[PDB]
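Enquirer: Have a look at this one before I ask anything.
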Amino acid sequence: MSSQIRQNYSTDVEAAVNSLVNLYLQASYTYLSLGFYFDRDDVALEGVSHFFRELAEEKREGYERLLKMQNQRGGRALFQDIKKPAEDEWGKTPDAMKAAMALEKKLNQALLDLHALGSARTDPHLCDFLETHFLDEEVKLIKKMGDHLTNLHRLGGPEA
Amino acid sequence: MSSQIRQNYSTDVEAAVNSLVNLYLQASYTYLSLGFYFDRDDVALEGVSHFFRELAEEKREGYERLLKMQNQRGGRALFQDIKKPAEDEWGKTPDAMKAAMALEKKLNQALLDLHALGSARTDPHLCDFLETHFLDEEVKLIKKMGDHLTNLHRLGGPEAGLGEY
Amino acid sequence: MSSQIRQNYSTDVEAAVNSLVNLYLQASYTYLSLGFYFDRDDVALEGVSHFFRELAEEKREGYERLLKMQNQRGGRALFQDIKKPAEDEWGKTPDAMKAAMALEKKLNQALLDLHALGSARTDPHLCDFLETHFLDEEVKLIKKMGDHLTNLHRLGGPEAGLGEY
Amino acid sequence: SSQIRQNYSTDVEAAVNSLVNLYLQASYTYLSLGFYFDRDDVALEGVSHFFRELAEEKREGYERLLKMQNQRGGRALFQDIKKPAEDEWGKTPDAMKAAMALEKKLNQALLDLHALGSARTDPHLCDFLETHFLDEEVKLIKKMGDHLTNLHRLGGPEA
Amino acid sequence: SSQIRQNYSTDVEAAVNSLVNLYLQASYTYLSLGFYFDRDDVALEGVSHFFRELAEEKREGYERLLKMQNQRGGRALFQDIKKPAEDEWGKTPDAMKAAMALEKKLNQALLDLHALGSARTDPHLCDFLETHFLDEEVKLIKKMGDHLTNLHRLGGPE
Amino acid sequence: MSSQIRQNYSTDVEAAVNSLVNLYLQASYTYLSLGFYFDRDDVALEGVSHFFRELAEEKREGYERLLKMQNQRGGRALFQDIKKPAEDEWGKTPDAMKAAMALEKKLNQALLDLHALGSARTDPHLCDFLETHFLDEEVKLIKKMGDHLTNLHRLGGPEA
Ligand SMILES: [Ca+2]
Ligand SMILES: [Ca+2]
Numbered sequence: 001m002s003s004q005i006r007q008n009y010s011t012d013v014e015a016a017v018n019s020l021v022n023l024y025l026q027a028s029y030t031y032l033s034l035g036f037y038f039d040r041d042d043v044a045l046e047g048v049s050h051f052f053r054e055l056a057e058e059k060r061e062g063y064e065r066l067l068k069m070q071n072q073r074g075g076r077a078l079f080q081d082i083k084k085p086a087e088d089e090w091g092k093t094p095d096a097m098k099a100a101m102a103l104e105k106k107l108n109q110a111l112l113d114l115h116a117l118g119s120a121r122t123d124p125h126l127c128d129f130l131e132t133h134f135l136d137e138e139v140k141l142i143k144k145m146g147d148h149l150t151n152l153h154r155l156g157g158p159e160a
Numbered sequence: 001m002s003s004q005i006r007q008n009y010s011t012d013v014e015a016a017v018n019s020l021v022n023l024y025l026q027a028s029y030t031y032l033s034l035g036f037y038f039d040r041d042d043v044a045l046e047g048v049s050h051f052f053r054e055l056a057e058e059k060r061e062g063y064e065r066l067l068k069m070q071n072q073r074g075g076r077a078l079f080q081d082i083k084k085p086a087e088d089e090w091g092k093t094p095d096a097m098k099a100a101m102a103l104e105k106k107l108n109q110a111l112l113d114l115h116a117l118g119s120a121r122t123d124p125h126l127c128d129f130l131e132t133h134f135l136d137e138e139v140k141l142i143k144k145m146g147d148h149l150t151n152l153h154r155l156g157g158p159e160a161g162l163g164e165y
Numbered sequence: 001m002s003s004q005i006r007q008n009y010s011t012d013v014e015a016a017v018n019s020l021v022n023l024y025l026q027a028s029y030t031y032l033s034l035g036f037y038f039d040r041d042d043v044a045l046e047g048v049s050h051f052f053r054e055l056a057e058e059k060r061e062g063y064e065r066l067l068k069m070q071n072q073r074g075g076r077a078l079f080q081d082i083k084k085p086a087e088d089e090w091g092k093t094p095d096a097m098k099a100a101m102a103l104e105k106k107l108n109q110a111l112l113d114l115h116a117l118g119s120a121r122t123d124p125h126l127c128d129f130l131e132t133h134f135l136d137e138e139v140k141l142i143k144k145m146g147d148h149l150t151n152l153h154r155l156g157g158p159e160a161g162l163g164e165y
Numbered sequence: 002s003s004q005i006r007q008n009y010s011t012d013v014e015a016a017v018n019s020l021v022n023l024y025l026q027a028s029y030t031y032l033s034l035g036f037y038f039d040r041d042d043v044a045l046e047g048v049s050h051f052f053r054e055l056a057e058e059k060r061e062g063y064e065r066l067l068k069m070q071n072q073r074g075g076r077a078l079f080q081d082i083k084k085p086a087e088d089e090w091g092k093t094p095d096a097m098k099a100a101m102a103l104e105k106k107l108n109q110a111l112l113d114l115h116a117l118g119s120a121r122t123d124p125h126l127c128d129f130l131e132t133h134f135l136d137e138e139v140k141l142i143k144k145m146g147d148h149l150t151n152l153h154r155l156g157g158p159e160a
Numbered sequence: 002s003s004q005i006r007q008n009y010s011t012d013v014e015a016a017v018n019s020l021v022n023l024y025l026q027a028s029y030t031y032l033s034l035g036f037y038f039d040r041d042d043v044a045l046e047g048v049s050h051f052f053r054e055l056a057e058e059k060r061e062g063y064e065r066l067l068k069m070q071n072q073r074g075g076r077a078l079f080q081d082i083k084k085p086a087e088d089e090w091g092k093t094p095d096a097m098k099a100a101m102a103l104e105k106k107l108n109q110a111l112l113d114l115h116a117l118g119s120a121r122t123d124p125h126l127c128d129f130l131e132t133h134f135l136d137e138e139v140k141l142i143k144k145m146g147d148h149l150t151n152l153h154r155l156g157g158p159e
Numbered sequence: 001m002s003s004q005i006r007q008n009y010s011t012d013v014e015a016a017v018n019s020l021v022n023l024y025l026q027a028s029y030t031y032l033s034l035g036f037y038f039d040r041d042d043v044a045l046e047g048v049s050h051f052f053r054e055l056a057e058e059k060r061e062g063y064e065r066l067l068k069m070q071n072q073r074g075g076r077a078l079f080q081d082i083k084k085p086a087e088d089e090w091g092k093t094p095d096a097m098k099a100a101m102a103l104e105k106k107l108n109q110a111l112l113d114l115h116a117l118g119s120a121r122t123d124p125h126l127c128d129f130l131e132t133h134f135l136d137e138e139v140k141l142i143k144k145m146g147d148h149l150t151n152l153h154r155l156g157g158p159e160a
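Residue numbers (PDB author numbering), protein chains in the order written: chain AH, 1 to 160; chain AO, 1 to 165; chain AN, 1 to 165; chain AG, 2 to 160; chain AT, 2 to 159; chain AX, 1 to 160.
The structure is reproduced here in structure tokens:
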């Protein structure tokens with residue numbers, strides 16, 4: 001068997017899509033770690049736990065959407081090993097939030113890079129796909145995380 | 001450095017749980033690949049694709065429930081690299097259904113192994129955790145996958161008329 | 001001696017009724033075996049299993065109705081051992097339905113004999129009792145089994161397209 | 002040897018089959034009891050109903066066992082069902098005692114099977130018996146005990 | 002002995018009655034912590050209610066154990082209920098550490114009663130404890146361990 | 001130090017209350033035991049068993065109300081061991097009913113004493129609290145137990 005529907009879908013994009021799916025699988029893992037870390041009796045921040053568990057379910061839906069679109073354009077899913085998270089212990093809330101913000105900026109940059117790759121291969125459908133289901137969702141989440149970081153750093157002194 | 005709430009929770013079981021967690025993350029990844037494989041235009045088997053995606057999710061529930069209990073016991077979660085699935089293409093339906101039953105028997109074993117270790121370190125909580133949320137689940141799923149294989153094989157001959165009434 | 005309510009109930013009918021009870025119990029047991037045979041992972045035919053289980057329950061309702069009738073007349077139930085099913089494995093669906101069909105005919109014959117016995121003993125109640133709850137029930141079931149065998153035999157060949165509209 | 006079989010000892014399989022026969026016999030006995038109390042010369046609807054429910058309870062019993070058997074890969078095997086120990090059961094207290102006797106025999110069989118299961122490191126079987134059988138017997142024996150006690154008490158002026 | 006008794010060793014029957022007492026004792030200590038937090042010089046309705054609940058929970062525990070006792074055929078034998086180890090429980094973090102330790106004690110008594118059941122091969126008892134006790138304890142302990150970490154946190158910067 | 005809300009609350013009453021609390025706890029414990037005795041397979045009288053278990057809860061409601069009142073007044077709760085019940089086995093129904101009747105009369109007295117002490121220290125609040133929550137209750141509960149006893153004893157000969 002082979003794909004009977006492929007059309008205007010370069011293998012360069014099909015590959016970068018697969019790489020991005022791994023990136024998301026990782027970011028998903030990293031949030032599974034962060035979520036269970038704040039569920040530790042010696043941390044017990046259920047709010048933050050839930051927050052990171054929700055993000056882990058968002059990244060899952062991210063890579064699941066990517067896979068479903070890979071199949072639609074006739075591409076082929078090619079899975080790699082999923083690297084374990086950067087840390088085993090995440091520190092205080094502000095430390096974890098900065099690690100989440102950096103994780104997202106990383107994903108965002110990967111998305112922007114994939115969209116640029118799509119421009120050069122003149123793949124308007126790929127491009128619309130990222131503009132519709134990804135580019136905004138990241139910009140919103142990064143603004144949400146930046147807002148949290150500012151409130152977190154604020155809960156120290158006078159502006160309690 | 002032990003933790004407040006820890007009580008009757010062996011460092012052996014704590015490590016065997018972190019192990020079973022990576023095993024379920026693994027079994028999840030496999031079912032993911034399997035699900036998207038049957039979604040390929042050259043395979044197009046939605047019913048099958050759905051089935052493997054549900055199992056990818058039930059394994060997500062399973063490893064999440066393990067990590068929950070890991071914390072409820074004071075034990076600490078440790079994560080290792082998740083190994084990519086054995087194949088990239090899962091052949092025909094019976095080929096995948098067989099690969100699935102192998103994976104299930106593999107987990108069912110790892111479970112029975114963890115319950116054996118649980119009895120050794122006299123940890124009746126762990127033993128009930130597995131007896132209640134895992135052991136019956138896997139036995140029912142394996143019988144399900146067994147029922148499938150018998151019916152899939154039967155679709156290569158005269159008795160091609162399956163679930164009758 | 002005898003019961004206070006007993007009237008026109010011969011000892012022959014009474015004995016026959018108990019015998020029929022053993023016969024139906026024997027049947028119900030046979031069906032129970034069939035049901036779980038098709039439930040085996042290497043057979044896997046839920047529909048067939050469910051079909052036979054419902055039949056076992058139908059036989060169950062049969063002897064119960066017979067026993068109820070016994071006490072209503074003044075007779076006394078007398079149980080005997082219940083012989084095991086003639087087989088441990090029933091092969092394929094067509095063989096099972098034949099075994100099933102054969103069995104129903106034997107029961108039907110026994111019913112017909114008991115009806116004849118009641119007429120000979122001028123027992124209208126026994127006759128009506130059988131006419132109303134057993135006789136037609138058996139015919140409908142044999143017919144249904146016949147139909148099933150015919151559709152089964154047809155699944156081996158060209159006419160593999162069954163219930164059309 | 003089944004495709005699904007895993008950690009299911011041949012001894013346990015044989016035991017489950019033997020247990021199924023036990024319940025089949027139990028069920029049959031209760032059936033006898035049930036209609037005994039329905040006789041026009043005994044006339045105790047309540048007692049009759051009590052034993053018929055029990056026959057149905059043992060029915061559910063063996064049925065759950067056979068299902069369990071298939072679920073594991075074992076293959077059911079049936080033997081004859083020996084008829085009930087009596088044709089007439091006497092008075093309520095006597096019948097209730099035979100019933101209580103019967104349940105204890107079953108409960109012992111259950112306990113033995115659990116023992117064998119623990120001997121063969123078969124957690125699934127242990128859990129299965131823990132979940133749908135053990136506590137069920139104990140609740141029932143206790144219930145029968147209470148009946149025997151109250152029945153005995155219906156002897157003199159303490160009615 | 003009991004007309005319905007079966008596989009119920011006297012050792013266990015004994016350890017049960019002993020465990021019942023340990024529960025009534027714990028219930029009593031919760032009744033204390035409860036009203037101590039209701040004091041106008043303490044006034045923490047939240048914590049008060051928390052312990053008042055725990056009280057009723059332990060009650061449900063010994064009422065279960067006793068219920069179980071009559072079923073197995075065992076016989077209940079009550080003892081004096083030792084008064085709470087304090088009349089004043091200090092501050093919330095302290096009251097919590099007390100409840101924590103009270104639970105780890107209760108828990109250990111349960112694990113030990115289970116160990117006994119294994120040895121006297123009483124699967125019914127072992128199930129009865131896995132079903133309604135072992136997990137309830139682990140959950141409650143975890144809950145307390147969280148509070149303790151949160152209370153400890155409500156001091157400085159966090 | 002003394003409670004910032006204490007007012008017209010004699011330490012005599014304070015201590016009489018903490019005693020009544022212990023008296024009630026002990027009553028509850030008697031009813032607990034009485035209840036489970038009738039639940040035994042060799043006794044088996046669910047109607048009676050429920051009756052005592054209800055009472056064990058009424059008593060717990062009583063001592064809970066007392067402790068609630070103590071803190072309102074500014075008094076301080078003090079607990080002492082709870083003496084086990086008089087018996088392990090309570091015999092037949094009338095035997096257990098009389099023992100319960102005795103236990104009630106015992107508590108009614110302790111109540112009246114506490115009311116008297118209350119008049120003696122001219123604490124109208126405590127007096128009302130008792131009139132309202134315990135006096136009429138005990139009267140009714142006793143009359144009820146009496147009715148039961150009369151009927152139980154009657155269940156012997158001609159009028160059974
Ligand atoms: Ca657009
Ligand atoms: Ca269990």
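Every residue, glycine too, gets a C-beta built ideally from N, C-alpha and C.
Kindly identify the DSSP beta-bridge partner or partners of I142/AO.
Expert: DSSP output for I142/AO lists no bridge partner at all.
Enquirer: Which ranges does the alpha helix (DSSP H) cover as unbroken runs of at least 4 residues, wholly within the segment 4-78 of chain AN, from first to last along the chain?
Expert: You should have 11-37 and 46-73.
Enquirer: Assuming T30/AN and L103/AN make a contact with CB atoms under 8 Å, what is their CB distance in whole Å?
Expert: At roughly 6 Å, the Cβ-Cβ gap stays under 8 Å, so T30/AN and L103/AN are in contact.
Enquirer: Cβ of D128/AH versus every heavy atom of ligand 1: is any distance shorter than 7 Å?
Expert: Yes, since a heavy atom of ligand 1 falls inside the 7 Å radius drawn around the Cβ of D128/AH.
Enquirer: Among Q4/AX, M145/AX, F134/AX and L25/AX, which one has its Cα closest to the Cα of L78/AX?
Expert: Out of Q4/AX, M145/AX, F134/AX and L25/AX, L25/AX has the C-alpha closest to the C-alpha of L78/AX.
Enquirer: Can you pull out the residues from the segment 38-50 of chain AX whose beta carbon lies closer than 8 Å to at least one beta carbon of chain AT?
Expert: If the cut-off is 8 Å between Cβ atoms, the segment 38-50 of chain AX has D39, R40, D41 and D42 near chain AT.
Enquirer: Between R60/AX and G146/AG, what straight-line distance do the alpha-carbon atoms span, to the nearest angstrom?
Expert: If I take the Cα positions, the gap works out to 31 Å.
Enquirer: So which of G156/AT, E64/AT, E58/AT and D42/AT has the shortest CA-CA distance to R6/AX?
Expert: Looking at the Cα atoms, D42/AT is the closest of the given residues.
Enquirer: Let me confirm a value: residue 161/AX is counted as buried when at least 16 other C-beta atoms fall within 10 Å, else exposed. Which label applies?
Expert: Residue 161/AX lies beyond the range of chain AX shown here (1 to 160); nothing can be said about it.
Enquirer: Excluding the five sequence neighbours on either side, which residues of its own chain have a C-beta within less than 6 Å of the C-beta of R73/AT, listed in chain order?
Expert: Around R73/AT: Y9.
Enquirer: I want to see whether chain AO comes within less than 8 Å of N151/AT, judged by CB atoms only; does it?
Expert: It does not: the Cβ of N151/AT has no partner Cβ on chain AO nearer than 8 Å.
Enquirer: With a cut-off of 8 Å on the beta carbons, I'd call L152/AO and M97/AO a contact; round off their distance for me.
Expert: That pair is a contact at about 6 Å.
Enquirer: Mind checking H125/AT: buried by the 16 CB within 10 Å criterion, or exposed?
Expert: So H125/AT ends up on the buried side.
Enquirer: Measure from the C-beta of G163/AO to each C-beta in chain AN and report whether the shortest distance is under 8 Å.
Expert: Yes, contact with chain AN.
Enquirer: Would you say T132/AO touches ligand 2, meaning its beta carbon is less than 7 Å from a heavy atom?
Expert: At least one heavy atom of ligand 2 is nearer than 7 Å to the Cβ of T132/AO, so yes.
Enquirer: Would you say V17/AT lies against chain AO (beta-carbon separation less than 8 Å)?
Expert: No - not a single Cβ of chain AO is within 8 Å of the one on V17/AT.
Enquirer: Distance cutoff 8 Å, beta carbons only. Does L67/AG sit that close to anything in chain AN?
Expert: Yes, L67/AG lies at the interface with chain AN (some Cβ there is under 8 Å from its Cβ).
Enquirer: Between the alpha carbons of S49/AN and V139/AG, how many angstroms are there, rounded?
Expert: When rounded, the distance between both Cα atoms is 32 Å.
Enquirer: Is the distance from the Cβ of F134/AO to the Cβ of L111/AO below 8 Å?
Expert: Contact flag set, yes.
Enquirer: Measure the C-alpha to C-alpha separation of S28/AG and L149/AG and round it to an integer number of angstroms.
Expert: Rounded to whole angstroms, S28/AG to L149/AG spans 21 Å at the Cα level.
Enquirer: What number of angstroms, rounded off, separates the C-alpha of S3/AO from the C-alpha of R53/AH?
Expert: Between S3/AO and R53/AH, the C-alpha separation is close to 24 Å.
Enquirer: Would you mind telling me which residues of chain AT sit closer than 7 Å to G156/AH, beta carbon to beta carbon, in chain order?
Expert: Ordered by position in chain AT, the residues that pass the 7 Å Cβ test against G156/AH are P158.
Enquirer: Hey, would you say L20/AH sits closer than 8 Å to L67/AH, going by beta carbons?
Expert: No; because the gap between Cβ atoms is not below 8 Å, this pair is not in contact.
Enquirer: Tell me which residue opens and which closes the alpha helix (DSSP H) that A96/AH is part of.
Expert: Where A96/AH is concerned, the enclosing alpha helix (DSSP H) stretches over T93 to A120.
Enquirer: So, are the CB atoms of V13/AX and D113/AX less than 8 Å apart?
Expert: Contact: no.
Enquirer: Using 8 Å as the limit for Cβ to Cβ distance, is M1/AH near chain AO?
Expert: Yes, because at least one Cβ of chain AO sits closer than 8 Å to the Cβ of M1/AH.
Enquirer: Contact criterion: CB-CB distance below 8 Å. Does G62/AX meet it with respect to chain AT?
Expert: So, not an interface residue.
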